[PDB]
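# Topology and contacts: notes
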Amino acid sequence: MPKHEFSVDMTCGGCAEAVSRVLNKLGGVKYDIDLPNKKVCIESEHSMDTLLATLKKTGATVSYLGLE
């Protein structure tokens, strides 16, 4: 159960948040959305593929800090 952390600046709070929902399809794994921290921590069996697609979906900036 590896964890992947991605840095994304919420621009479409309203839409960017809804965009995260689509991640379940790409990832379908456990994910957490913390606006107050502006950070998203998701654990996937693939990692480095589900986050980028979802994060960039709303055209929000995406930066990979690294994964286990």
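Under the PDB entry, the name given to the protein chain is Copper transport protein ATOX1, and the organism recorded is Homo sapiens. Recorded under Function, the UniProt text for the protein chain is reproduced unchanged: "Binds and deliver cytosolic copper to the copper ATPase proteins. May be important in cellular antioxidant defense." Turning to the protein chain, the UniProt record has this under Sequence similarities: "Belongs to the ATX1 family."

### So, the sheet that holds strand β1 (residues 4-8)
Spatially, four strands are ordered β2-β3-β1-β4 in an open sheet, and the strand pairing comes out antiparallel. Of all strands in the sheet, those bounded by a partner on one side alone are β2 (30-34) and β4 (62-67). Going from strand to strand, the sheet's axes swing by 20° on average, the running direction of each strand aside. Of the strand pairs in this sheet, β1 and strand β3 (residues 39-43) are connected by three bridges, and their pairing is antiparallel.

### Brief notes about the environment of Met48
Here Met48 is to be found in the loop between β3 and α2 (50-57). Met48 gets classed as exposed once you look at its relative accessible area, which sits at 56%. With residues up to four places along the chain from it excluded, the contact list for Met48 reads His4 and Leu67.

### Digging into the nonpolar core
Counting residues in hydrophobic clusters, the biggest one holds nine residues: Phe6, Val8, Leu23, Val29, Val40, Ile42, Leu51, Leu55 and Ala60. Residue assignment for this core shows that the elements contributing at least two residues are β1, β3 and α2.

### So, a nonpolar patch on the surface
A contiguous nonpolar patch, built from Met10, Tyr31, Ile33 and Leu35 and spanning about 330 Å² of accessible area, is present on the exposed surface. Assignment of secondary structure puts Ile33 in strand β2. Here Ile33 falls in the partly exposed class, since its relative accessible area comes to 35%.

Thresholds, definitions, all that
- Residues numbered from 1 in each chain as written, not as in the entry; some residues may be left out.
- Heavy atoms only, no water.
- UniProt positions renumbered as here; feature names shortened; annotations may be inferred.
- Pairing = 2+ DSSP bridges.
- Helix = DSSP H or I, 4+ residues; strand = E, 2+ residues; numbered from the N terminus.
- Axes fitted to C-alpha atoms, helices over the stretch in contact; angles between N-to-C directions.
- Buried < 20%, exposed > 50% of the residue type's maximum accessible area, 1.4 Å probe, protein only.
- Contact = heavy atoms within 4.5 Å.
- Core = buried A, V, L, I, M, F, W, Y, C linked by side-chain atoms within 4.5 Å.
- Patch = residues over 30% accessible without salt bridge, like charges linked within 9 Å, V, L, I, M, F, W, Y side chains within 5 Å.
- Areas by Shrake-Rupley, 256 points an atom, 1.4 Å probe, with all protein chains shown as cover.
- Salt bridge = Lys/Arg side-chain N within 4 Å of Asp/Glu carboxyl O.

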